[PDB]
Structure formats: C-alpha cells, structure tokens
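Below you'll find the structure, written out as structure tokens, and then a few comments.
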Number of protein chains: 2
Amino acid sequence: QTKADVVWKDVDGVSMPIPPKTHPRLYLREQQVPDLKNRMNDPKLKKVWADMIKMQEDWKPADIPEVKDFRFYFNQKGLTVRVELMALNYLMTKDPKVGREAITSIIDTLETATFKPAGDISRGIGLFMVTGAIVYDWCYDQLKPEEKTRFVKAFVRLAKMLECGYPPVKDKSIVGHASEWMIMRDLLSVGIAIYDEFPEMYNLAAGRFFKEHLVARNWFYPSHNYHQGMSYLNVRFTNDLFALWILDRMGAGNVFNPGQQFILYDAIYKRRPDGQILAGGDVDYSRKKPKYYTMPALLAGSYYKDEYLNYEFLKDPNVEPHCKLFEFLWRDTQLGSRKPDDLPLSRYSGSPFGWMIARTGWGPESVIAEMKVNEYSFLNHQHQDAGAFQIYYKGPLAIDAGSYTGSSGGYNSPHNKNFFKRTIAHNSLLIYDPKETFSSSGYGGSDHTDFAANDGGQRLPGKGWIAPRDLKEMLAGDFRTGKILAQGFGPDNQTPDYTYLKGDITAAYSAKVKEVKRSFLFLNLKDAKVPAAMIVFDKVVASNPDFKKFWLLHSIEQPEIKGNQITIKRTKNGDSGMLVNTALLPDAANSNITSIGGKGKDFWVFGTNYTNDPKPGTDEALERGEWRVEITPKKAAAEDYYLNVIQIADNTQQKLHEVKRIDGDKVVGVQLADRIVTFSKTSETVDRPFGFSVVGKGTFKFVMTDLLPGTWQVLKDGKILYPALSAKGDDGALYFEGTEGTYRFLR
Amino acid sequence: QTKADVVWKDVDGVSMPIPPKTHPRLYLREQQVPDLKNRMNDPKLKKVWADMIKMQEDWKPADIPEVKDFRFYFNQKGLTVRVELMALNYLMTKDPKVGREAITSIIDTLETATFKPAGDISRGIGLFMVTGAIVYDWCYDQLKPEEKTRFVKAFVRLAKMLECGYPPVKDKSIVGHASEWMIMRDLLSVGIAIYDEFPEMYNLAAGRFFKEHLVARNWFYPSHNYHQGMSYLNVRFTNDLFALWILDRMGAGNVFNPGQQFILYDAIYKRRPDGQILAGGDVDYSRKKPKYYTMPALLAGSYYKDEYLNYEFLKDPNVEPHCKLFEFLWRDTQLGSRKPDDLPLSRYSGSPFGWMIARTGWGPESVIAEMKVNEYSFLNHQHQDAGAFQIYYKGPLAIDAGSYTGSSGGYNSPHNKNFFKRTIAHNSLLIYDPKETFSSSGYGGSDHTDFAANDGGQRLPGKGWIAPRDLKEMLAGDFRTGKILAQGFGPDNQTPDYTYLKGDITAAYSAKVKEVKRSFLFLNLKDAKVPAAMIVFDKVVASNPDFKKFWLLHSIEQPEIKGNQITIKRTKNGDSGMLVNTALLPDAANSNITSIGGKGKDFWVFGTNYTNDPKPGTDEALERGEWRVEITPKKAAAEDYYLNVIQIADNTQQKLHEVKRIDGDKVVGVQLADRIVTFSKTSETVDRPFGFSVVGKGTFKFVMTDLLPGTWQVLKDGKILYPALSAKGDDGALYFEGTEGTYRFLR
Ligand SMILES: [Zn+2]
Ligand SMILES: [Zn+2]
C-alpha cells in the first residue's frame, strides 16, 4: 500500500488510472524492487520461495490425471513456474541473460498452447496468461520488438478463450465466473503488462472493472459483508483483493472503499469451536479439518495491516501453488496477530444486508446466533433466505438446511433448485399460493428447467432466476427483498445483554402477501446454565386468508413436541447442545405443531422429497439436517402473528426458565429470567400511551420496541418512575430496569 | 377525563363529534353533577368559590376605567358572575326558582349589551358569550321556547362582533387572535350550549377547530414544545387546553395527541433561580414578580394528572377572576406535586423544532443553555432566530436581545420589525447581501411598513411576513427554515456529560447562501469552578465571496476583547455570571473581533439604531441588552467556518481551561479540560479513515461527530484500541474514553 502517483483520466464519466510509462508495473514497481532481497532473506518468506523451487519440477507423466481440471492448473508445475522465477531473478540481478531465458522459454508455448474443454478451464487459461504477463512486464527491456508483437497476439488468442470472452462482454459483474479470476486478476494483469504496445486490453479489462465490478462492490462494502455464502466467500473475495493489490501496486492507491478491510471479520464471528464455520448460501459440511480463509486473510490482512485477519491467515499459512508468488511479493511478515477473544460479542451488517451475528463468548461454550433481513438478493450462491435465523451451541441447533452437493448432484441439482436455495430450507416463513409459479429458466449453466417447485417461499428474482449484469440493472430490477426497520445491541457495546434486529421482508415474496415483518431479539442471559435465548415475532398478512402459513424450525435430529414446546437436542459427533422453543402465538387453541423428517422426508417440499444424501465420508454430522417443525394456524385468516421463544442450553440441563407471554395494552411481550421484551401488538409503530403488568421477584431488564422515537415517560403503579427517557430512531426502543408492578408509558 | 361516548361522523372528510342530546353538556355532564357537592366541600375549592362570591359585587363607578380593556373584562365582576353562580346552584339543587332567576337576570342584557370597539375587545365579548352559554346549558330545562329564540339571536349578535367574524372565516388557525379565546373557548362553548336549537354555530366553530386548529397542533405536539415564545405560551397553550377540557367534558374524550401533556415541561426547564424564565420570541423582562404559567399548569396538570405540572400550578395557585369557575369545575385537588430536581438535565424537542435545553442542575448554581435549529417558522410572536443559542448562569450571559415593548412602541414598532424579531438580535449568523429585500407588508394584520431593514439575517416568510391560514397552507409555502441533521445527549440519560445538536439552516436564508450549517456541543463539565462549556461549529457558504459574514454574541454589559478571547461578565442586579469565548476559527490571522454597543448602538442595524428604551421601572436588569460582538473573516471567501468555545464560570474565577484547536486528518476539533470533541472539517459526513493527535495527561472523553453510521475501528499509536464501536444514526457520532496519543479511525 502506497499513495497513488499515476495520472487519472475520465472514460465515459468514469475516472480511471493510466498505467505508468515504466516497467515493472505488474504486482510491483521499481519502488519496491530493492526490497525483494530483504524478502529473500526473510526466513518466513524463504520457505515460500523454496516451495516454488520444488514447483519447477515437471509433472510425472503417470501422475497426470488426463482430465486437466482447474485444480490441475492451480497445482502449478513445470515451465510456467520456472520462467516466473527467472523473471523474478532478472528483477533482482538485472542480468540480461536471465531475463532473456524467461522470454525465449515461454514465447513459443504461449502462442501454441491448447486446452481441452474441462471444468472451469478459463482458470487454467487465465493463469497461463498471467505467466506470460509476468515475463512480459518484468523482463520488458529485454524484449525485442518482434517478440512484443508475438506476445500481444498470443495474449489476444488466449483472452478470447475465457468465458467472459474478448472483448470481455459476457457474464456478470457482481457474481458468477466473471467475478472470479478471469477479469480481476488475469485479463487485468496482461493489460497492465502490454499497455505500452496494446492499450486496448487494459482499457477493456480495467474499463469494465471500474465501471461495474468496482461500483457494485463499493456499494455493499460499507456494511462489511459478502453475499455469496461462507464457501464462495473465498474465491470471490480473493479476487476482489487481487484487484486491490494489482492496482495499488500499479500506482493507483486503494481503489476500493476501505471498508473492504472489515468484510472478513464476518468469517471470524461465524467460526465454531469445532473448526467449522456457520452455514450460509451454498456450502457443504465436514468435521475432518477446519475451514480456513487463507488467501483472503493473507491479502486483506497484509494490505490493511490487520492483526485479527493475520491471525486467521496464520492458522494455516499454506497458499495454493499458483498463489505462492503472490504471498512472496505481498505478505507482511512484520505484522502481528490477534485472537478474536476481545472482539465485541455482536456485530451488525447494514444495507444491503441487515444481518446480526451474536455470540455469548469466543470459547467452547459459545452460543453463535445469526439473524438476517436481506435488503437485496444477489442470487448465484446466495439463498432466498430472507428472515432466516440460525443458532449454534455445542452443535448446530436451529439449522440452515440442505447441502450444496450430494446424491442430487451439484449446483444444477433438483435439490439446489427446489430445496437448498429456497425459503423452505431455512428457519423462515412460508405462505402457500397454489397458483404461484417460480421461473428458473436461466438458473445454472446446464440441465436447465423452466420452473422450480412451489415451496410457499420467497420469489426467484431476475429474468428466470438470472443474476443482473451490474449495480445499475440490479437496482432497476426486482432484486429488492427487504427493508431494515430497526436494529441495535446493548446496553454494553462489548458484552450486550440483548441484540435486536427488525426487517420488513414483504418484497421478498410475491403479491400473495400484503405484509411480512420479522423481529428478532437475542438475549445473552450471562449464565452458564441457560446462556442464551432468542425471541422471534412475526406479522404475516396474506392477500387470501386461505393461503396456508408456515413457521419453520430446522434440526439435524428428531424434535420432540409436547404441547407448545419443541425440544431439539444434539447427541452425536461430540455435540451436546439443546434448543427449546416455547410457542406463544398462535396460542395453543389456534396452534398446530407438526414434525416432518427422517428418511424420505428430510428435504420434503409439498409432496416431493428432494433427496440429497452426502457423498460417502462427507458431512459426517449430517448438518444438511433430517427434520423440521412447522407451526401453522388452525383457523384460516388474512392476518396472523407468530411469537416464539427459544432457550439454548446443554442437553443435560433439566431446569429451563419459565416463559410468560405478556398481553398488554397495545403491546404483546415475553418474560423469562430477568428479561422483559415487548413488541407492538400490530408490529407497527406505537405513538400513543400503552402499558402492561409485570409479576415476579427482583430487578428486570426491559426492552420495549416499535416505539415512536422521542421522549417517553414511564409510570409504575400510577407513580412516575422515569420522568423522561429517550427512544432513538435506529432501534425505536426504550430500555430500563425495574421491578414488578403495573406499567404505563406516555409519549 | 373520561372515555368518549358521543357519535362521530365525517364532515368533508374530517371526523367530528356530535354533542350529546342532554343538558348539561357544557364543561360537565350529568356524570359529574353529583361530584359538585364534594367539590363544594373540598377546602381548596371552597376558597375559589368564596373568591367568586366576592366577585359578585359590582364595580365601584369611580373605579371603572375610562378604557374597558380586555383586563377590565377578565377581572370579571357583577351580574355575569352572579348568574354563573345561580346556574351552578341550579345544577346542584335542581330548584326551579334558581334556574329561572339565572335565565331572567341575564337575558335582557345579553341581547342588548354593547362593547366599545378597541382591538382586544373580542375577549370581553367572548367572555360575555360564555356567561350566556353557562346559563343556557345549565338551566336548559327551565328555558321557555320564546327565551331560547332570544338567546340564539343574542349569541349570533355577539358572535358577529368577534375578530374571527361570524361565520368564523377571518384570521389564522395556528397563531394570531383566532388561536386564543374566541374559537377554542368562546364560540365553541356557545355552539355546544345552543346545538339543539341552532347547530350552525357548533358546526362552524368545531368544524374549523377540527379541520385546522387541531391538525396544526397535533402536527407539532409530539415534540413537546410551543412556537410563540415564552410569554404568549400562556394565552396560546391555555386556549388549546380549554378546547381539550371542553370537548372531553362534552363526551368526545381527548381530541389532542396526548403528547400535549409534555409541552409545559419546556417552561420548567427554562426557569431561572431568580424566578424569571429564559427568553424566546416576543417577551418583556422583569425582576419584580416571578413569571408563572398558572392556567396552563392548572389545566394540563389536572387533566393529565401530572405532578410536575401541578407543582408549577401550586407555585402561584391564583387564576384570573374569569377562570375561577374553571378551577372550581376542573381542578384535581387530590393530585400530588413534584419539584423539578429529579428531571434529566437535558431535554430534546424534535420536528418541527430541533431544540435542546441543557442544564447542569436545578438549583442556584444552574447553567441553563438553549440551542435551536428551527425546522419551520410559525411567525407571529416567534422570531427569525434559526441557529440561535442562549446561555444563563447567575444572570443572562449570551442573550436573546431586544424587548417586545418600550420607547419604540409595541408589536408594530420599528424595533420589532427591524431588530427584535430579526436574526441580528440573536446569537446566530448573518450574511449581508446589499441587494436583499425583506417584504413586511402583511405584518400586523395589514399594517404599514412594506419593507423592513436589511439585517443580513434570515428571510421573512409568508405573503409579506404574515403567517399561513393552517397547516396545509404552511407546508405548501415558504415556511421551512431548517433541517435537523443530528442530536443526542451524553452517556448518561439523567446527567449527560454532553448535549449535541446539529442543524442545516440554509432554508432560513435567501439564495445569498448555498449552505449554512451549525453544530452545538454543550459540555457539562461536572465541576463547580467551570460548570459548563459550549462549542459552536458553523459552515457558511455564500453565493458571492464579497458578501460580508457575521458571527454574533449578544450581552447586557460591555464585552472585553483580548486577542481571540471575549470575556463577558454580569455585575449588576445580584448577578455574577461570566462567559469567556475562545475564537478558534477563523484563525487569529484571519479573524476580526469587534464590540458594538452602548447608548445609540444597543440595537444597531447597519447604520441605524432601532431605539427601544424600557418603559419607566421595567426591565431593571436591562436584559434587552446593550452590547454585541461581531466576528468576521478578514479575507473575502465564498466558504467560511466559525469555531467558538464558550466557557461559563463565576466572574470571580481566575483560572479557566486552556482551549486547544485540534487540526486533524479530515477533522477539526476542540480540546479543553478532560473533553475532546471533533467535527468534520467540511461539516459533511465522514465516510473514510481519519485521525488526529492528543497531547495531555489523564483520561479524555471523546465525542466524534459527522461520522457515517456503522462500525468503526479505533487505533492509537498504530495499535487497535477499540476493534469495533458503533456510530448510530441519530447522532452520527462515536463515544469513548482514552489517553494521549496519535489516533486513527477506520470505517
Ligand atoms: Zn441456506
Ligand atoms: Zn428573540
């Protein structure tokens, strides 16, 4: 990271940097060349250089798979590695002999190379381009004029092979393959190298990046999160960070919103004590080895000099072979590292997300709870999971169900289209319109189907479940799925007693609903015995009273239902957690609670089970799940409310807190332990006097929500208790402590 | 206060109550009649009744004044008192002789009474009408048919004499005389009384009230304040409260937004230790008798059963003669009372106000500070005072200058039109456009002036400085003067360390400015020696760099200027306060600080002194002021910033705090005592990394404003200090404690 010293020009209203008229300019400038010897003498970096020396050896003919995967090419070996090390040596020695060998060794094969149609072949093709780009840029003054021309024509030939095409007009700028290596690393790298001879490639590659990719990312970056789920976070954010490094090292400074530094903190918050990461979007499961975000933590931690991110990298400081050079060039070995233990227990991601991640600690006894609005849907690997909550404690308890791969297949599978990516897979809300259709004609790259199953769930946005080209198309289309209404945590910023999130998710559904709102209130109970609780309060108004309403709670093992109580336990894989839901609304007289699951019913969608068993040896804990509970109104009605209170504890915990519903004036609420929480009876803003009664011993902590921001007066037993308290705009809430009595509130 | 039990039907889209088919219905119904005996037996209420018995005596002919003022009539004596007591007695005894006597004693004079035209005479006419309405309603069953007709014609005759006219089509529904007794008490009372025989009067009076008055008041009531200044609060709010009591007692319940209860708390916050009230709008000054809000406190306190307001009534439980009956009927004598001592030290009034009142205590050592945005202007007795601050501590220190009356005259005086109601009289901002025109043709109804003086101040809204008819007309016009941008007070709700308010007041001025912003930060320093400080940060962008800019500070006595330091002291009237302003921006190299004042210069407006000496024996402390300081930039520039730090102490205090300006990355700030406060150097939202250095011993309290809401990271001496703090939407600020070092903030 250094200040920009390049010239900037507008191209069609969009400011862009001009590559400096000097080589090297790819991945480094002369400015950092003398530091290469220090890096070579850096013992942390010597090992990575040794790794690359080993990479110089050709593939053993018998070891070659013959189906040359993207993984084949990313496990980089042979000539391309050799010429890269030659170019590096030329930078450090300036010896005309070494720089020439790099050039003469690569040119012919760069012109002639062939690639059998194979899985993500663009990646191998793009990496082969990168090899040439390194030699071209780093040994530039050694190039003969005829060779430069030969290199250019070879690069154009190779570029045309890429899935984005050349010109790079195909695919999408926020998600999909064009949001991976092909543009942000590969085409951009070549462009920078050959700019003095063929400026077109840079103008096309950087052109699209600055116009689309950059604008789209800068839009959500301030909220410090990513939208492709907890696996594809890796490749997608890695390539964002490649563009960051490539352009800063070119001389363009940081081109992104610097909030980029804080995106990977989400992964940190979602890490479990078993080494796995809380689920979200397209993910598979394992208990074999911990999940790591090595490349993003390397690139982001080193650039932004972030100790929390460097800790993450140091967990497994082992970069994929094709990335070794980039670790050598860009890693900060002087940077320290910090365990996450002193991070606030709750973190909030605002627009366009509206996601809360709440913990009760950083150790083995941690409850980890996720609450999501989703203001927009990004599609691709994101799920239609507006309103979803997810809870982990000593095992996955309230689960995000299904699996990316399995017996059903991969991304294009019936399981993905009909269960995994759909609302029914999640702890959210269904409203079933028998006449609703779900257009899926543009989903996936093969095995296309025109329509998906009716899950009573959320819309499939886009032109048949097609992601938008860019931010412009996204904002103009039907990708809006919600509105964050309220959020906060406290009273303490470090160890909040409560974590609150409210969203209106009507836009996530068709016109089968008039209104859908969900309010989450997580309680850190500050107790080893019953460490946490979550209260979920829903308003659902269907356009037709006969549209069946569903409240879902997914689990791995079979739930036990007794009255208004659902008990879920983990008893396998060393997990011992327990979840207990008390259903308060609909009331027992209007409540049907039903469990669906087990063999043939694990992925049940209104008449069809979308079977997806794990690949042998994978998902040993069955985190894809086998069970769910559906809470449904007995009586058909346009307007229904759900109120559910979840307690979390060890499966050996016998005594859980008594849960009381509070039926007040204008409010409905919950009381358990020393906590009182209220919501508007209509889930709409309360702007007039209201009240309720409290019965019980000791001091209670009150969170009153859905209140008109401004000054409130609190009375108890007809006497003013708090003459003036402020409800603020962000949470629309009153907070205070008090004892039992009859409460009135004035505004 | 009882639940509504009458029928409602829409009239031209507006729901209105129908008077019940029963008498009595004026000021009480049958449900309250038996309780009259109990009230007569109440020691507190027997005295007011005895007061009324005394009022029965006629005026002494020699003591009758030449001019029958509104004060003459409100000092109600003779026949009209007698007949009201006869009617009360008829309700209580049901004796036909009594009811008949009330009717016969009043009927002749009611139809023949004459009132010499004066211009406040509507009040005496209206009260005479109320006397007749009492007899009519309370003795209804004793009325003969012929007498009913005589009463109706008499009431219509009297109604036509009122300023609003009959039909009530003249004047204004938010301010002016039609927002006083004539409709909300007087015409409404008669309408209700005679409804069975002549529903037209009620339909017109209540029709206008429900369509216009009620709508306007409900619109601003939730922010718990009033817009007519600290004197006219009395008559204006009193009449709102008459409408409240009249309509509830009729059977319509509470027709107002119940936020009405909290309006009078502002007066409580503005009370000084010397018994007077902080200035605002059209006010005069006395040190003789304390100012009381007796009638509002009686009516609001008793209706809403509010002990703080009842305390305010009990300070001086003496209502004007013409209101004694209403005390007898409506006073709650069982209600308790509370001194203001346990009230939070700061109170916020939101849209359409944006006012902070901040204190350091409730006793003799109280600092009292007012900070105002003004989102809308209501005109009439409100001043064009957007951005103004005012500070009291052992005397008026930073003053709201001028006086309502004096040698210049009253409401229509050149002093009112050219100084008192104008920005120049206030601690606010001037931008002088020499070509600017200020139309005042409609001021004072339709009075003669046409154009007022150029004070370089704020616009005169309306059709030549007149108020709009109602809310509809107000919102469609040019009455918007500002936008609340941010607000909040200190970590503790009860005793906040800081009180913050930011407003954009561009709308208050003409096109001579492109942008005007003012941020206030009040500090409660929690120290006897220097109790408080106020930091004021202004951004002013003029449309012409040659347009002279002014920052004003008004005082009673002569300010002492020394370099960048302005010292102001009170040494008279038993006052001993001191204000010391440190001018930080403009820098001393670009700052000119000039005192203007003394005789012939006390109300100086660019060449002309608008003289307004007190009436003999009034304003003995000269709170109208004699002096001001103007801070002006040396260099002509379109854009200028003002940064001023006011410290408050006893004038005997020799040691005040050193004030350091903090010149940071993207921020400009202030350091004094143990407090750090920063603003955006541009006064625009900061959304990228920034920082500054702190030198000094011990722990400091940091308030960082103008920040993009979301999660921020704090670093000190290159190490993460706070990994994650939240800036919230309402204040857009970070709060934390820290020691000396070099600070960086990431977003
Ligand atoms: Zn999912
Ligand atoms: Zn004023």
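Going through the structure tokens in order, the chains are called A, B, and so on, while each chain numbers its residues from 1 and the ligands are numbered from 1 in the order shown.
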
Task: Nearby polymer residues, ligand 1, at most 7 Å, only C-alpha atoms and all ligand atoms, as number ranges by chain - done: A: 280-282, 383, 385, 400-401, 420-421, 425-426

Looking only at the backbone, which of the residues in segment 398-446 of chain B does DSSP tag as strand (DSSP E or B), as an mmCIF file with N, CA, C and O atoms, in the first residue's frame?
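Result file states-v9.cif:
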data_model
loop_
_atom_site.group_PDB
_atom_site.id
_atom_site.type_symbol
_atom_site.label_atom_id
_atom_site.label_comp_id
_atom_site.auth_asym_id
_atom_site.auth_seq_id
_atom_site.Cartn_x
_atom_site.Cartn_y
_atom_site.Cartn_z
ATOM 1 N N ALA B 398 -25.073 34.909 27.448
ATOM 2 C CA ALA B 398 -25.231 35.029 25.997
ATOM 3 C C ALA B 398 -26.717 35.216 25.743
ATOM 4 O O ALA B 398 -27.504 34.284 25.927
ATOM 5 N N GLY B 406 -41.475 49.049 24.603
ATOM 6 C CA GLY B 406 -40.556 50.086 25.039
ATOM 7 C C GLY B 406 -40.848 51.398 24.351
ATOM 8 O O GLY B 406 -41.957 51.608 23.853
ATOM 9 N N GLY B 409 -42.410 51.368 20.957
ATOM 10 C CA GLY B 409 -43.824 51.005 20.889
ATOM 11 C C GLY B 409 -44.031 49.533 21.193
ATOM 12 O O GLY B 409 -43.237 48.926 21.916
ATOM 13 N N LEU B 429 -26.194 33.754 12.793
ATOM 14 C CA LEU B 429 -25.323 34.013 11.657
ATOM 15 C C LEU B 429 -25.946 34.992 10.675
ATOM 16 O O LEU B 429 -27.121 34.859 10.308
ATOM 17 N N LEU B 430 -25.154 35.980 10.267
ATOM 18 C CA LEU B 430 -25.574 36.955 9.265
ATOM 19 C C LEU B 430 -24.721 36.823 8.013
ATOM 20 O O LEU B 430 -23.522 36.553 8.102
ATOM 21 N N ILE B 431 -25.363 36.990 6.856
ATOM 22 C CA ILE B 431 -24.687 37.095 5.563
ATOM 23 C C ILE B 431 -25.345 38.275 4.857
ATOM 24 O O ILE B 431 -26.537 38.235 4.537
ATOM 25 N N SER B 439 -39.700 41.797 2.576
ATOM 26 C CA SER B 439 -41.091 42.252 2.490
ATOM 27 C C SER B 439 -41.839 42.020 3.803
ATOM 28 O O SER B 439 -41.865 40.909 4.330
#

- [ ] Just need the residues of chain B within 9 Å of chain A, counting only C-alpha atoms, so spit them out as a PyMOL selection string.
- [x] chain B and resi 222-224+257-259+261-262+306-307+342-344+347-350+493-494+687-689+710-711+720+722-726+728-730+746-747

- [ ] Please report, as number ranges by chain, each residue of segment 453-673 of chain A to which DSSP assigns alpha helix (DSSP H) when run on this structure's backbone.
- [x] A: 471-476

- [ ] List the neighbours of segment 570-587 of chain B out to 8 Å using only C-alpha atoms; skip same-chain residues closer than 2 positions along the sequence, and give me the result as an MDAnalysis selection string.
- [x] chainID B and resid 392:398 556:557 564:568 589:591 620:621 633 640:651 659 661

TODO: Would you kindly return, as a count of residues only, each protein, DNA or RNA residue with an atom no farther than 9 Å from any atom of segment 593-597 of chain B, considering only C-alpha atoms and excluding same-chain residues fewer than 3 positions away?
DONE: 23

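If you measure from each of B:527, B:200, B:58, B:370 to residue 357 of chain B using only C-alpha atoms, the closest one turns out to be B:370.
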
Task: Within 12 Å of residue 88 of chain A using only C-alpha atoms, minus same-chain residues under 3 positions, as a PyMOL selection string - done: chain A and resi 24+26-28+33-34+36-37+40+49+52+81-85+91-95+98-99+101-102+131+134-139+325-326+328-329

Task: All residues 8 Å or closer to residue 274 of chain A, only C-alpha atoms, same chain fewer than 2 positions away omitted, as a PyMOL selection string - done: chain A and resi 272+276+287+290

Open item on the list: Show me, as a PyMOL selection string, the residues that have an atom within 12 Å of residue 217 of chain A when counting only C-alpha atoms, minus same-chain residues fewer than 5 positions from it.
Closed with: chain A and resi 173-175+179+209-212+222-227+236-237+239-241+243-244+255-260+263+352+378+470-471

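Atom pair atom CA of residue 517 of chain A / atom CA of residue 390 of chain A has a distance of 17.4 Å (rounded to one decimal).
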
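Candidate residues B:47, B:381, B:548, B:54 were compared for distance to ligand 2, and the nearest is B:381, using only C-alpha atoms and all ligand atoms.
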
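Closest approach to ligand 2 among B:231, B:32, B:384, B:337 is made by B:384 (distances from only C-alpha atoms and all ligand atoms).
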